[PDB]
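Each chain carries a letter (A, B, C, D, E and F) given by its place in the written order, and its residues are counted from 1.
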Amino acid sequence: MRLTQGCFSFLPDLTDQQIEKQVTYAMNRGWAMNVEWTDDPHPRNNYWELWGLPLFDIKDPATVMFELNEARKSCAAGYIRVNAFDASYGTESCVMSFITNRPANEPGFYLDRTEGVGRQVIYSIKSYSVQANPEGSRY
Amino acid sequence: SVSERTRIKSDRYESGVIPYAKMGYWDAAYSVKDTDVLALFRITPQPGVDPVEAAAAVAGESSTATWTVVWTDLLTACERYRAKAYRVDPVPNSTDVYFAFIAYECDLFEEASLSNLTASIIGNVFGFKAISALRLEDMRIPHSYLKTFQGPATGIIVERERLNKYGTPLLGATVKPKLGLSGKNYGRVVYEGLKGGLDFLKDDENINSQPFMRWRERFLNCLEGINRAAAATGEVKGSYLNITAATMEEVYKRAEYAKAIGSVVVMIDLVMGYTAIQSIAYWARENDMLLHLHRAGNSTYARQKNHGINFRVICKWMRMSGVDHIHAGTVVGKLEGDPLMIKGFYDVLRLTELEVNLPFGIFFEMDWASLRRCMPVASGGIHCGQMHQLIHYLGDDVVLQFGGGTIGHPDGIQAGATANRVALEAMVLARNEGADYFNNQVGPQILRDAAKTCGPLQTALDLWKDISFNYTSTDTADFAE
Amino acid sequence: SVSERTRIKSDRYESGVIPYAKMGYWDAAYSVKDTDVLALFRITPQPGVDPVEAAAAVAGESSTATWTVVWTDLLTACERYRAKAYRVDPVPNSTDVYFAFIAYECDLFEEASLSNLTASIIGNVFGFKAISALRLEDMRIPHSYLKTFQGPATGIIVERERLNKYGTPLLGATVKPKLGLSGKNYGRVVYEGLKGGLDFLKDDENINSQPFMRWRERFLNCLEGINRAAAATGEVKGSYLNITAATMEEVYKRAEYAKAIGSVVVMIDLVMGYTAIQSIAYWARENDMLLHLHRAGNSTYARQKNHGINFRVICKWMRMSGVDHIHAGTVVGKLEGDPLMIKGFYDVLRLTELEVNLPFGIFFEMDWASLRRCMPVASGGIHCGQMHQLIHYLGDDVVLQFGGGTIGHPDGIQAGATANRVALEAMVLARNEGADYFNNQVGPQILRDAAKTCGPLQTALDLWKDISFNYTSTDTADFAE
Amino acid sequence: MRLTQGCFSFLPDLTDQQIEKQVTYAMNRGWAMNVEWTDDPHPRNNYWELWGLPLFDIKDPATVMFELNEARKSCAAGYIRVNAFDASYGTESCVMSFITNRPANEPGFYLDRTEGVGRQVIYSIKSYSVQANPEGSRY
Amino acid sequence: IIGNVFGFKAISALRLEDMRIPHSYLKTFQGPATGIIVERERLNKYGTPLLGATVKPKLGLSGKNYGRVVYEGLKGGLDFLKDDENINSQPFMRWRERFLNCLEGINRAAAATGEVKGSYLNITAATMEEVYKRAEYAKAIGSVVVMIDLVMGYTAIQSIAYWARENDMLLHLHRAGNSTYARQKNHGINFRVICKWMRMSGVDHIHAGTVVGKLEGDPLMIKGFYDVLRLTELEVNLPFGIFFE
Amino acid sequence: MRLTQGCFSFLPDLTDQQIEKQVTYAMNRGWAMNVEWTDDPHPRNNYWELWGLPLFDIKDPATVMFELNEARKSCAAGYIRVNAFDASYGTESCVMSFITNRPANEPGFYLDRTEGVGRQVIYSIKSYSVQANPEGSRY
């Protein structure tokens, strides 16, 4: 299946040229970019691993693309996302996050169902990749 | 004879009727204080009524005055508590209509109580005989009063963090038909729509608990559909479970049930009223729940330009009360929505402060005192062929809801959801790349381009391309830019 | 593909937009059932919109329809749940305005829930672009729906039994100034007014809890003033203690406090909203408390003839919800009140059944299903010189409230109360004897006669004789007798 | 003091001619009249003593006046009221009650105050005439 | 309707045969907590009658052996088993032992078959407090269904019918005692009236006859009872004892 | 094991001739039919996947049989069921559901037991096929 976290995952995988234009758009607004990796695709896995620090002072999109492609060479198989952070009062939060790399095959998830009280079901979303192998060897 | 001897004989407090403008409620020299509550009324006096006297009458009967002099004023710091009409301007391109600014002392109002604020500002003056029509257009709620209110339970920022969704508008859909579906079929529609790409679905505003579907049946089945779609996509998913009910006890029962089963969100209807709304906004913060407000009934007083309450005021009251979403218009859908008015509503809901912006209907500068931002919801008669217009008018932080525009798809609910999401992401991608997407020769082309590789979107564009809702607005601006 | 093969291809359920009048929401031959909810709308279509299509649009979007066809209708008994516009008449003396009758199946509505009834009937249709103006004029609430509602907690009959007062209207007064008084001075005004003859006083609608007076201070001092006046007169006495507050928890706290200290009555404001109102109406029955409803905010939607909700509908909803009093107009005071409309409101509140009476705005026959009778309250800018008019227009079962008309008396609060009570009893006595008291050459003479032996009444007539509120009404009838 | 229960007690004591017109008014409405006596003036003394049965079938106001004046001759010093009952659906209750006789001197009441919890006062209205003498000897 | 008139000397026998409960009174009642439609949706079973069985012997079994019988019967194909009407809590088996062991048997059969399974846990008890305690315990351990006996009476039945809707529980009514007044043609209450009263009160199941089994049941009367319980409206049908539309 | 959801699963697998007769019965009652697929056999998996829309406006049983055989050609190994829906007031629900296809080998389920309070057991029914492989690759 296709992991559809990220804001462009109903579109084809973005080319490097398309990614650069999105980065250019984020930096035009004064947003800080960073790169993050995980091989736990769970929807509640908030904290993907940081690829260095966010690039607060960087002004040229090419430097973001440089770090993205260094992350791609170094990280294990899995997911990479690129985020844009707006530190302005009233936001102080991420304002853009999209997937730039995904594994060749994602088995996805199943729904574990525990019998609760009455008719209630206690749900757990379980990742096939994570239950099978440790971090760094999942894909 | 003691009552005769002690009768008050002053100009202001001898018994009898004197004009409100002579009772202290008119002062053109008044200096507004940062702590004052300010109100802007559009006043249409009855023929022969002096416009300043009408403004002073509104100011008096919404603060401390009645129709005849009372000596008990003298037991109070009466000067301090009188509201002051301080500015009366003619409305542009009208003959007998005025804009009246009125200032109210901070101490008139119970802290954190929307019911008390409205009891004064809108309680009685709209029925006053001497005024033929009255509309509350705007209010300056002072920083010191705002800090007594919670503001949104969650707010736009934390909402997107809870959903892990950043960079595009959010997507939703009302389940249809409005009434009649069983709980099991409700969960099916919710499952199909979420799996097909929507972030949310929602109960219709009139779906509460009924013979054809009792509310617990709907909640349990919808949670099965929600968790199924989350495991099928790897995304956080939800559906606005409607907890609107007859009594506060029943509202709380439905809210607690939604929380116990793990719903990220509940919805409420404005017809429940301000006291229930404030109670459930506090509850939503205390119980980690997103709180969606459907504005049921709003247009009974917000539709006409001559009388009622402008929706931008409702926006302030509901952001103060603390809902996380409020329906706020589409411009291009089936419900009334002048674009300048709509853009003003969205600013009221989303900005950290307001600047005077008369073409948008923003008559007061106003800091929002770091009350969290409320998420506008655009819903009603819209379809993915309008996506370039929605992105242009409504911006990034909004939920675009497609009920008929999802479930009406000939190839099924999943296909309808997929068409809407592809249109949204393609439009945002092109916007970010620099396209002049709002132009009718550009926006529609971006969608046609994406449709070349998305069957569901091509089908949706084919079906609804010619559908528009072009009618003259009733709620319109008074100033051009 | 399978989705293309299974596409629905019937006239009614193939995908796309068709008119609401072709979707099942128009049936001129429909036979109304005793269990149907009926609504009468005054519809002003946008130019070029067919009047029957507009009525079908209102019927559809307030029942089960949306703007495009959805196959999920076919998962339901869809014909049963569609509302039916069944009659569209031109409004007399108007162009392009229509009366539209719409019937709704009983099963659409959650039992005992005003919030659900209104979510359907007024939820969205007032903002519909295709309609330039829309007003809910009347409703036929069926016997079988009414029996799910409590109706008035106490009702007119039991209220008079609790007060041991039969034969005349009841008397009241709002404390003035509206804001600023301390709790101790509030109790003083209440003591003086009750001792002087009034049955009740009341908190102003915006007196809740504020820096100048916190609510417990007012409640305790008022109960000293109430019990003092009862021991001074040998009568049951009370004052409407306002329990309006921001949250349901705080409303309940104030209600329980009022009960604990022995108050016969509490009051609430309509701005608190339907869910809080229904909750406190059940509470009032369970706790032996009279429940007075001030209609704060009503005129924001009830004032203008072209758009909003006619107050007679509010009267039905509030009598269903179960308040014991509701403000319902004076005709001759400072707030809007056409006499034929007012007389209609009072019938809606007080009768065991309604007959069609078009001059009074009563468009439906309607049994009240033995829900108790709700006490109308006449308040705002009235004085004892108008007593013959009040008795004539408003009848026996009413609270006549004189705020400024009591406290504005030059010889003090007791004198003002005494003037009002003498005028009332003298007028009722003369009415019962057969006098043509409503005639301007007779009514005023009855009062002048009583004033010859009542100094306070003579003084009040002297002070306010020439005070009237003669303005053109906005909420007016469409039929004459 | 003047006991101001009743609907005409802010007017002078009613003459027999005035009472008769009020009775005539009630009876033209089809209301049933009755006569009641007490010497406990407490505002919560619901049940004054019945003077016979209510006059359901009576059609002549003079017959109500006859019973009133028989009650006046027979009852101890105290209060007499005349009531009108409407038995029709929607009312089934009294619709008029006024005082026709009162004692020459009514001392009235005082307010007994018991210290409750906090600042609450527990009130009792106490009648001087009742606390002094038993029924039939109070005035 | 039945308070005193059945004891009046002047009538030698009296039987309540039918009632027309008006629409406007019915709407004040809950009706079934779940109802046939939602019940089949909760069980995911559509197309055939449902299947059940009372555990036997009526009395004497331990909680552990009760759970064994429930496990075997469900695993063999039954949708439900049930406590006997007189199985409540007794020296030979206290009720919590039965409830815990049955839930093990139920879940075992569900995992063995891929089907929703259950057993009507009897919460009949002396006092409302004890009935609620047994209902809450059945809910807490995940039972899809509980049962009550008619001898508990109308006020407890209405209370637990509201509870069942509020707590997502199927409510099975055993009609214990019904035949003391419903058997004879000359006197008492015809069972079709009990059907109306119990459907109004809001039970989800009620025993209504077999025609061919060991308990009384003329087919015309039985068919009438089933119509009263199952139809959206009744037409006059005198052979089946339906006297009112 | 044999999954005994459906209303005819204690009978042998139905032939196409038998299925057509059940379809003819449903359609003679005015019921709408549809076809659904899953490879999660859990008893609480309420929403099997839809094969197109329900066949509301179809009068010929051969048309239902056609879609069933197209579903059999296209769907992955697993389960197919045929349902009949009664939209009549008082039902508005499925009135028949039976299995038309099942995998060659269904491993079934085990019962997961978590220690609750006291003696209470928190139960979870777990599918062997689902825990081992993602949707579309389970059978």
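Things worth noting here:
As a working rule, contacts are C-beta pairs under 8 Å (C-beta built on N, C-alpha and C of every residue); 3 or more make two chains touch, one makes a residue touch a chain.
Set against one another, B-E and B-F show the most C-beta pairs in contact at B-F. Of all chains, the one whose mean C-alpha position sits at the greatest distance from that of chain A is D.
Inter-chain centre distance (chain D to chain E, centres taken as mean C-alpha positions): 58 Å.
Averaged Cα coordinates give chain A a centre that lies 34 Å from the centre of chain B. In this assembly, the C-alpha centroid of chain C lies 46 Å from the C-alpha centroid of chain E. The centroid of the Cα atoms in chain B and the matching centroid in chain C are 26 Å apart. Counting only residues that touch two or more partner chains, chain E has 37, 41, 107, 140-142, 168. In chain F, the residues touching two or more other chains are 42, 44, 46, 52-53, 89, 92-93, 123, 125, 135. In summary, the structure contains touching chain pairs A-B, A-E, A-F, B-C, B-E, B-F, C-D, C-E, C-F, E-F. The touching residues of chain B, counted against chain F in their complex, run 180, 182, 184, 187-188, 191-192, 212, 221, 224-225, 228, 232, 412. Remark: chain D residues 1, 3-12, 18, 21-22, 25, 41-44, 46, 83-84, 89-98, 108-111, 119-121, 123, 125 touch chain C in the complex.
Residues of chain E that touch chain B in their complex: 37-38, 41, 165, 168. Per the touch definition, chain F reaches chain A in the complex via residues 40, 42, 44, 112, 114, 122-126, 130-131, 133-135, 137. Those residues of chain E whose C-beta lies close enough to touch chain A in the complex are 42, 107, 139-142, 144, 167-169.
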